[PDB]
Protein chains: 4
Amino acid sequence: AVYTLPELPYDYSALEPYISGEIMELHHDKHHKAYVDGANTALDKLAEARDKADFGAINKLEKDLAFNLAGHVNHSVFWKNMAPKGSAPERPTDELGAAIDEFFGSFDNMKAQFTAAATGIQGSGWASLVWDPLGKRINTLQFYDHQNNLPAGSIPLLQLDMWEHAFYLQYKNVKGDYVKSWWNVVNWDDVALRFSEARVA
Amino acid sequence: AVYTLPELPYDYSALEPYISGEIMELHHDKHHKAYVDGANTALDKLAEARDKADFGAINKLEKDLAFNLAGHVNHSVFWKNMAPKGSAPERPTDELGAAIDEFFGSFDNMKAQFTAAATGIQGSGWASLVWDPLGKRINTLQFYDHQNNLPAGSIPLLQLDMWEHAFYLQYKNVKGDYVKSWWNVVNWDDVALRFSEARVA
Amino acid sequence: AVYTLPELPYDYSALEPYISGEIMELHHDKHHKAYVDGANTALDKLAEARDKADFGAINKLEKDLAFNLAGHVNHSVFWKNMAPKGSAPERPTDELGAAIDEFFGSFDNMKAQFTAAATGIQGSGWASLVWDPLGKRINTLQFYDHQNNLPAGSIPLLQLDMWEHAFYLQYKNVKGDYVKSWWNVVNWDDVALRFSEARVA
Amino acid sequence: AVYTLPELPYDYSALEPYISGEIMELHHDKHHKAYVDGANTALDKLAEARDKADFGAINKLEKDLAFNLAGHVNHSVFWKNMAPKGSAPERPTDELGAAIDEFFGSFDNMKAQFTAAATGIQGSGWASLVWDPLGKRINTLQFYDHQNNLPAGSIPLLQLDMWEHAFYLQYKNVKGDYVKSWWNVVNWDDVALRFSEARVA
Ligand SMILES: [F-]
Ligand SMILES: [F-]
Ligand SMILES: [F-]
Ligand SMILES: [F-]
Ligand SMILES: [Fe+3]
Ligand SMILES: [Fe+3]
Ligand SMILES: [Fe+3]
Ligand SMILES: [Fe+3]
């Protein structure tokens with residue numbers, strides 16, 4: 001298949017007590033799997049369309065592709081953006097740390113902006129720290145669903161799933177507590193790597 | 001400022017009779033300029049939000065940023081994707097040509113899919129040929145407005161503005177004639193360059 | 001204020017085992033309450049914008065109003081659309097029953113279409129049975145979030161909340177089991193009343 | 001057919017010099033016709049889906065229905081909301097006038113808010129004055145495309161098409177001039193009628 005479901009880089013309960021293993025299991029094994037299958041199906045459907053020269057469902061197929069592929073991309077990044085507390089730095093350092101200070105003033109300012117973007121979403125969405133190739137800078141973006149409200153070429157560095165399935169079983173409606181807890185499991189080493197590789201464009 | 005309006009790589013009327021110089025002038029000097037101003041303003045507002053520690057308008061600012069920055073990105077690629085008839089080969093060759101055949105079956109199949117995506121948009125949008133870093137392939141996407149219906153990390157290779165301002169003065173409601181004429185001025189050399197730089201990340 | 005949170009027409013656990021009392025409590029007391037506060041706030045902000053003659057945040061305010069007011073409208077209808085198993089006929093009758101057969105072929109056909117619309121949503125949304133004043137017919141619509149993918153003037157007759165908070169604590173990712181169970185508590189008398197009042201405009 | 005294209009209540013050039021007959025012709029004969037055909041096609045497709053118990057394209061069909069039906073509704077109202085200058089009052093009076101003063105403070109405040117909503121749209125959209133059945137009031141809404149950013153049950157009273165096809169041939173990019181000119185042709189008698197009939201819910 002074109003797209004495949006990546007395995008978690010840690011045990012399902014490795015992020016506890018901040019993120020329950022119950023959510024990690026459903027989220028990865030069920031939700032993420034769905035996006036991979038959906039993205040693959042969209043490509044097969046588009047291939048069939050070209051073969052038969054029948055593009056009647058093009059609008060449907062392009063949304064299916066964008067939605068599912070965006071879901072696959074967002075979650076693939078999401079898993080690696082996390083690590084058991086203590087297994088990674090609690091604050092970004094070196095080049096990443098300097099870059100965050102440069103584009104946000106400080107780590108705290110970045111955190112405040114990122115958190116505000118995360119909790120203010122009207123509907124399903126993501127809070128995302130991305131590398132902007134055109135502006136040569138780090139910005140925060142608020143994705144709607146998986147595939148909306150973002151410029152093409154944006155390279156994700158750090159993402160937070162704000163869909164209700166990501167926190168409801170544990171935090172219920174209190175999205176603020178979920179975000180507060182999530183900061184504890186951010187793998188700043190992974191974000192640093194993405195930054196090093198992202199800034200070549 | 002962070003973002004600047006790029007000059008056209010050719011005269012305003014260099015794409016005639018395919019795209020009128022009148023549209024080129026309004027499109028570049030008026031429309032594209034607005035996205036640059038809007039993107040810069042959004043960043044300035046976000047900076048102010050951080051200093052005052054008030055993120056009440058975060059939802060508005062994130063959409064202003066995404067909409068305007070995406071407009072800026074899309075049009076910047078758009079201008080470079082075109083060139084006077086005769087300045088470049090009318091068909092992709094070498095690495096790009098082989099990649100199109102691999103991911104679409106043939107050049108014609110790609111054109112058919114891209115055209116269908118372009119003319120079927122319900123509202124404003126773009127037809128886009130992008131490099132998918134995850135699947136390591138070339139896909140067609142159908143953007144809504146400037147910033148919707150696309151996965152993060154998508155690398156734009158070839159884009160076609162389907163907003164009404166891009167063709168109405170010349171083609172009126174006949175979107176098909178606009179797309180058909182547009183193929184005549186596609187700068188495959190620019191697309192080939194974007195493809196080469198995209199494969200390396 | 002302009003908008004107020006309507007009380008549930010039954011006890012929080014009156015819909016069990018179909019919909020847990022825990023969900024009913026969070027859904028009504030927390031989620032619905034938030035839309036009421038948000039809708040009132042949006043109007044207050046719009047009033048302030050008029051007094052100060054500054055409409056810089058108009059885009060934000062119009063979306064805040066639409067999102068929150070739509071949330072308020074959707075949930076208000078939602079609560080009334082349900083009732084304890086046994087409080088109303090399990091199948092539409094009289095005028096409503098005849099109308100369903102006319103516009104859908106049969107009750108089963110309607111259920112199938114409504115269910116498909118409910119379970120296929122890509123993101124948050126609603127499955128909705130509405131009265132179309134223009135075509136003078138009953139149609140099914142699939143709302144995105146609370147305020148998207150619907151024609152102005154649509155009269156809601158029967159709505160099903162497909163946002164994850166509406167079913168996750170009980171049904172997890174299995175949306176189909178939620179929809180299936182939901183049919184058991186549909187208050188056809190309320191729907192019949194909305195239909196009668198809708199036909200007269 | 002279920003939906004039919006209404007004829008204009010005046011000659012195509014009756015709104016000049018404010019709105020050219022060229023736009024009126026294309027807009028009504030081409031654009032509006034498309035929405036009617038599209039809305040009818042969506043219903044036929046949904047009927048076929050129920051017959052064969054095949055709801056695979058439900059997401060596509062529901063968007064096609066919402067988009068096209070919303071376009072049909074919006075334009076049907078739009079045509080009647082206008083009249084040759086001098087054929088209708090230049091300002092709302094009686095019950096409508098009183099209602100506007102009540103919910104906006106004054107006619108001028110309403111105009112300012114409505115105009116701001118019209119010119120600030122990011123993408124295609126509508127500025128709309130609607131009757132809110134739940135709040136028992138008149139509000140302004142900013143529709144995105146034809147079917148987004150509005151609560152169910154909203155009854156349109158006055159609408160302004162802000163899609164580029166509505167003004168580009170005459171006003172180019174200067175949407176402000178289009179809105180300013182449009183106020184001259186508003187048929188306040190039609191809006192008054194809609195208000196009288198709208199407020200019964
Ligand atoms: F997910
Ligand atoms: F543009
Ligand atoms: F809700
Ligand atoms: F139109
Ligand atoms: Fe998720
Ligand atoms: Fe453009
Ligand atoms: Fe809900
Ligand atoms: Fe229009």
Side-chain angles (χ1 to χ4, degrees), chain A residues 5-6 8 19 23-36 38 67-79 81-82 118 121-128 143-147 156 159-173 175 178 182, chain B residues 152, chain C residues 5-6 8 19 22-39 67-79 81-82 118 121-128 143-147 156 159-173 175 178 182, chain D residues 151-152:
Chain A
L5 187 273
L8 290 177
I19 298 181
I23 290 176
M24 296 299 297
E25 285 189 41
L26 288 174
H27 204 183
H28 176 273
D29 298 347
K30 301 305 168 190
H31 290 286
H32 196 172
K33 175 178 61 186
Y35 306 134
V36 173
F67 175 73
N68 286 301
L69 181 51
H72 176 31
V73 168
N74 293 354
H75 289 85
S76 293
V77 177
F78 187 54
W79 305 141
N81 280 164
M82 304 185 288
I121 305 177
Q122 295 168 316
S124 301
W126 296 72
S128 182
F143 298 178
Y144 299 163
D145 294 337
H146 291 136
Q147 76 288 10
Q159 304 204 140
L160 172 56
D161 192 350
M162 289 307 294
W163 280 56
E164 296 173 323
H165 67 241
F167 61 87
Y168 224 83
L169 289 177
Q170 185 182 354
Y171 297 95
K172 276 54 183 173
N173 62 299
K175 51 177 57 174
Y178 162 61
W182 174 83
Chain C
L5 176 67
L8 283 183
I19 300 179
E22 175 177 38
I23 291 180
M24 291 306 294
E25 195 167 343
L26 287 173
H27 207 178
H28 175 270
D29 295 2
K30 304 296 190 296
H31 292 285
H32 193 175
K33 187 176 63 190
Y35 306 126
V36 175
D37 288 333
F67 175 74
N68 287 298
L69 180 51
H72 181 22
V73 170
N74 295 351
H75 291 80
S76 294
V77 175
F78 189 52
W79 307 137
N81 284 172
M82 303 184 288
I121 307 180
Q122 295 171 313
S124 301
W126 298 70
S128 177
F143 298 173
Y144 300 162
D145 299 333
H146 292 134
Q147 76 294 356
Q159 311 225 129
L160 172 56
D161 192 354
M162 289 310 290
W163 281 54
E164 290 169 330
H165 64 237
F167 63 84
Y168 221 84
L169 290 180
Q170 186 180 351
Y171 298 94
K172 277 59 177 172
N173 64 296
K175 292 190 286 188
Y178 164 54
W182 176 79

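Every heavy atom of this structure was used, including side-chain atoms; hydrogens, water molecules and symmetry mates were not. Both counts, for ligands and for their atoms, begin at 1 and track the order of listing. Here is the naming used below: chain letters follow the sequence lines, and residue numbers restart at 1 for every chain.
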Main-chain N/O of A:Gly123 paired to C:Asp145 side chain as donor or acceptor, under 3.5 Å: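 No, the answer is negative, given that no donor and acceptor are paired below the 3.5 Å cut-off.
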Ignoring hydrogens and geometry, is there a side-chain-to-backbone donor-acceptor pair from A:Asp161 to A:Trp163 under 3.5 Å?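 Yes, A:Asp161 side chain to A:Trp163 backbone: donor-acceptor pair under 3.5 Å.
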Test side chain to side chain contact (heavy atoms under 4.5 Å, CB included) applied to A:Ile121 - qualifying residues, sequence neighbours left out: A:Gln142, A:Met162
Would you check if the distance from the ring center of A:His75 to the ring center of A:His31 is below 6.0 Å?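 So the answer is no for these two rings.
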Check for me whether the distance between the ring centres of C:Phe78 and C:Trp126 falls short of 6.0 Å.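 Ring centres of C:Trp126 and C:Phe78 closer than 6.0 Å.
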C:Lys30 atom NZ, over 12 foreign heavy atoms within 6.0 Å: yes
What's within reach of the Fe ion (ligand 7), meaning protein N/O/S atoms under 2.8 Å? C:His27 NE2, C:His75 NE2, C:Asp161 OD2, C:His165 NE2
